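opening piece of the complex, as it sits:
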Amino acid sequence: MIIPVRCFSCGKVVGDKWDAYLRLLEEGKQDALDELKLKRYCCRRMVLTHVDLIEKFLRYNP
Amino acid sequence: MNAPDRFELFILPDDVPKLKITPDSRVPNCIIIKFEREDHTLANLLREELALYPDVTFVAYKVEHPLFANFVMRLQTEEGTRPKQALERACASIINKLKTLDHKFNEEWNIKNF
């Protein structure tokens, strides 16, 4: 259901960071968050917990 | 549904003064100032700088209730010294302290490389 712009908790942006993350996994085989600059758990949990449904929604036709 | 429009936390509504000052009968030389569309950010800051003018005999402030962004400030001073003034002074002392701050943070900054 898409990535959440900015973390609820503190506010730091986080929209861009989605692809960077989902990438540092598939390839660089990796911590990811830490380098993506996601320090304190508030924003941490943001990314590390997103379940991107939009993908499946997108699998629908018209 | 029943919640106000956000912009009611800072904008004064139809005929309303930031300040309303009322004399206090409870004790001599005392007043209660109603600040409209404000909070601790500004309250506590004013409250503070008044226990600084050792010429102020009393100074506390409060937020009646959280739904409404307002707050009451009660002040009492020494003989023949009007608190309103002490409010001015203690209020001015505040700006200077910050005026200095702004400045001391700007020269400081420029000296940075990163």
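Yep, it's here. Numbering: from 1, shown residues only, chains lettered A, B, ... in the order given.

just checking, residue A:14 touches residue A:44?
No - if you go by CB atoms under 8 Å, residue A:14 and residue A:44 don't touch, sitting 10.0 Å apart. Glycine gets a C-beta too; all of them are placed from N, C-alpha and C.

now do the shared contacts for the two.
residue A:38 (CB atoms under 8 Å, 6 or more residues apart in numbering or on different chains).

which of these two has more neighbours?
residue A:14 (21 against 16; other CB atoms under 10 Å in any protein chain shown).

tell me who's in contact with the more buried one.
A:3-7, A:38, A:43, A:46-47.

try it again at 6 Å.
A:7, A:46 (CB atoms under 6 Å, 6 or more residues apart in numbering or on different chains).

with the one 4 residues further on instead?
Under the criterion of CB under 6 Å, 6+ apart, the contact list for residue A:18 reads residue A:3.

distance of it from residue A:11?
Using CB to CB, to the nearest Å, residue A:18 is found at 17 Å from residue A:11.

buried sites along stretch A:12-19?
A:14, A:17-18 (16 or more other CB atoms under 10 Å in any protein chain shown).

chain center to that stretch, what's the gap?
6 Å (CA atoms, centre = their mean, to the nearest Å).

find the nearest non-adjacent residue to residue B:81, please.
Distances taken as CB to CB, 6 or more residues apart in numbering or on different chains place residue B:55 nearest to residue B:81, at 5.9 Å, with adjacent residues excluded.

likewise residue A:9?
residue A:42 (3.3 Å).

can you map out the helices along chain A?
Counting by DSSP state H, one finds helices in chain A at the ranges A:17-26, A:32-36, A:41-48, A:54-57.

closest to residue B:78 out of the ones you listed?
Nearest of these to residue B:78, taken as CB to CB: helix A:41-48 at 48.9 Å.

ramachandran coordinates for the closest residue to residue B:83 other than its chain neighbours?
The shortest distance from residue B:83 to any non-neighbouring residue, by CB to CB, 6+ apart, is to residue B:75 (4.2 Å). Reported as degrees, to the nearest 10, the phi and psi values for residue B:75 are phi -130, psi 140.

contacting residues around residue B:75?
B:31, B:59, B:83.

just among those residues, which is most surrounded?
residue B:83 (27 neighbours).

residues in contact with residue B:86?
Contacts of residue B:86 (CB under 6 Å, 6+ apart): B:53, B:56, B:77.

and chain C, same structure:
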Amino acid sequence: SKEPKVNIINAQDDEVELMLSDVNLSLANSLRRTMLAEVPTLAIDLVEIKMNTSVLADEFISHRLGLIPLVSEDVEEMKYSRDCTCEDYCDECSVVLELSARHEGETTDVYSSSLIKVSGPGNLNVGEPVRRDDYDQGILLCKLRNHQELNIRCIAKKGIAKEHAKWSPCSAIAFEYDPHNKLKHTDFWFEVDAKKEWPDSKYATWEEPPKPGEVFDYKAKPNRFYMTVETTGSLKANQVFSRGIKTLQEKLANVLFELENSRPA
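With chain C added, the chains above now look like this:
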């Protein structure tokens, strides 16, 4: 130079660690929150969707854009739509944007980079899709499939964090003081040893340790505060501190101004 004093520590573009000494906590804190909530910014506020085949709903995207960080450099030389004498909006108080997204590449993405600035910027830093992303398209608005279209039209306005979170440029702010509980503004929880069970802060090194032989100092007050001001973009980490320091001041001003307007009568 004069009263309170700063002593910046490692500082960058998205942060500004520094030590603020010779100030009353009361006043430190005040500035604290002022950054968090009352600095003028610029965010999308009105969205006029024309067509939208995305799987996301209208107001879902609408939300999204409200959060997308826009430029807010010369945000101060713009006016609040509420004060501008124009019915609704205009160049003198708003920034209009365009967004068109046709699914052609048989998953096409919609990044905040894809925003146009249809109104006249009047030559002032503002209204730009703050991008810090490595590639160059910060903030994925949303994805879309085959032939799904999507046409918008955004209108940005001044406003602050009070009015909405989509404004405040702060976004998290560190604050600590007297790492060695000397002022005893706390009573440590513990099972046997507080000191061993409770993490020592990286801030304990710019202040002297306790020293057993000394009795409890009482006349001492909360002086010096180790902070850190993170920014989301819109405004430069430095300004998100300056402007803060200043707005708080402007307020302290009218409290003195409003005062004057009440003496004549």
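
chain C added, so what about the contacts of residue A:18 now?
A:3, C:140.

try 10 Å this time
For residue A:18, the contact set (CB atoms under 10 Å, 6 or more residues apart in numbering or on different chains) comprises A:2-5, A:36, A:47, A:50, A:52, C:139-140.

only whichever of the residues you listed are buried, select them in PyMOL.
Restricted to buried positions by 16+ other CB under 10 Å, the PyMOL selection for the contacts of residue A:18 reads:
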select buried, (chain A and resi 2+3+4+5+36+47+50) or (chain C and resi 139+140)
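
turn the contacts of residue A:18 into TSV, including distance to residue C:111.
Shown next, in TSV, are the contacts of residue A:18 (distance: CB to CB, whole Å):
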residue	distance to residue C:111
A:2	12
A:3	11
A:4	15
A:5	11
A:36	17
A:47	17
A:50	17
A:52	16
C:139	6
C:140	6
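
determine which two of the contacts of residue A:18 are furthest apart.
Going by CB to CB, the pair spanning those furthest: A:2 and A:36, at 17.6 Å.

quick check: buried residues in the helix ranked longest in chain B?
Using DSSP H to define each element, chain B has its longest helix at helix B:83-110. Residues of helix B:83-110 classed as buried by neighbour count (16+ other CB under 10 Å): B:83-84, B:86-87, B:89-91, B:93-95, B:97-105, B:108-109.

with stretch C:65-81 instead?
C:65-73, C:75, C:78-79, C:81.

got it, and stretch A:31-42?
Buried residues in stretch A:31-42 (16+ other CB under 10 Å): A:32-33, A:36, A:38.

repeat that for stretch C:44-56.
Applying a neighbour-count criterion of 16+ other CB under 10 Å, one finds C:44-47, C:49, C:52, C:54-56 buried in stretch C:44-56.

what does stretch C:164-176 give?
So, applying 16+ other CB under 10 Å, buried residues of stretch C:164-176: C:164-173.

swap in stretch A:21-28?
Using 16+ other CB under 10 Å as the test for burial, stretch A:21-28 gives A:21, A:24.

how far does that stretch sit from the chain's center?
Averaging C-alpha positions (CA atoms, centre = their mean) puts stretch A:21-28 11 Å from its chain's average.

now do stretch C:63-71
Distance, centroid of stretch C:63-71 to centroid of chain: 13 Å (CA atoms, centre = their mean).

report whether it contacts chain B.
No - shown here: stretch C:63-71 not in contact with chain B (CB under 10 Å from any CB of the partner chain), separated by at least 12.7 Å.

same structure, new chain, call it chain D:
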Amino acid sequence: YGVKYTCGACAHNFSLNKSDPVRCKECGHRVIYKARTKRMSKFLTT
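Chain D added:
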């Protein structure tokens, strides 16, 4: 310019009125949505 009803699958702009049947220019599947409005909808960013 102009559109009335659409089909649940083969999204092909149709257009009809009473008695003209309730099917599509092919697919029998008698569903059909009534495509968006002309009058723009205005939203708030909160």
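
with chain D now part of the structure, what is the answer for the contacts of residue A:14?
Contacts of residue A:14 (CB under 10 Å, 6+ apart): A:3-8, A:21, A:36-38, A:43, A:46-47, A:50, C:139.

make it 8 Å
Residue A:14 sits in contact with A:3-7, A:38, A:43, A:46-47, where contact means CB under 8 Å, 6+ apart.

could you find the closest non-adjacent residue to residue A:24?
residue A:32 is the one closest to residue A:24 (CB to CB, 6+ apart), at 4.4 Å.

surely that neighbour is in contact with residue A:17?
No - using CB under 8 Å, residue A:32 is not in contact with residue A:17, being 9.7 Å away.

tell me which residues touch the residue in chain D positioned nearest to chain B, please.
Residue of chain D nearest chain B, by CB to the nearest CB: residue D:46 (7.8 Å). Listed by CB under 8 Å, 6+ apart, the contact partners of residue D:46 are B:6, C:63, C:66, C:164, C:166.

now do the same for the third one: helix, strand or coil?
Here residue C:66 takes the helix state, with states given by DSSP: H, G, I helix; E, B strand; the rest coil.

separation between the spatially closest residue to it that is not a sequence neighbour and chain A?
Distance criterion CB to CB, 6+ apart; nearest residue to residue C:66, sequence neighbours excluded, is residue D:45 at 2.9 Å. Distance, residue D:45 to chain A, by CB to the nearest CB, to the nearest Å: 12 Å.

which of the contacts of residue A:14 are close to chain D?
Residues of the contacts of residue A:14 in contact with chain D (CB under 8 Å from any CB of the partner chain): none.

farthest-apart pair in these, please.
Going by CB to CB, the pair spanning those furthest: A:5 and A:38, at 14.2 Å.

contacting residues for the closest residue to chain A within chain B?
Closest residue of chain B to chain A, CB to the nearest CB: residue B:114 (15.5 Å). Going by CB under 8 Å, 6+ apart, residue B:114 touches C:10-13.

now do 7 Å
C:11-12 (CB atoms under 7 Å, 6 or more residues apart in numbering or on different chains).

assign it to helix, strand or coil.
Going by three-state DSSP: residue B:114 is coil.

before we move on, what about residue C:28?
Look at residue C:28: counting by three-state DSSP, its state is helix.

kindly provide the distance from the residue nearest to it when sequence neighbours are not counted to residue B:31.
The shortest distance from residue C:28 to any non-neighbouring residue, by CB to CB, 6+ apart, is to residue C:225 (4.7 Å). Distance from residue C:225 to residue B:31, counting by CB to CB: 32 Å.
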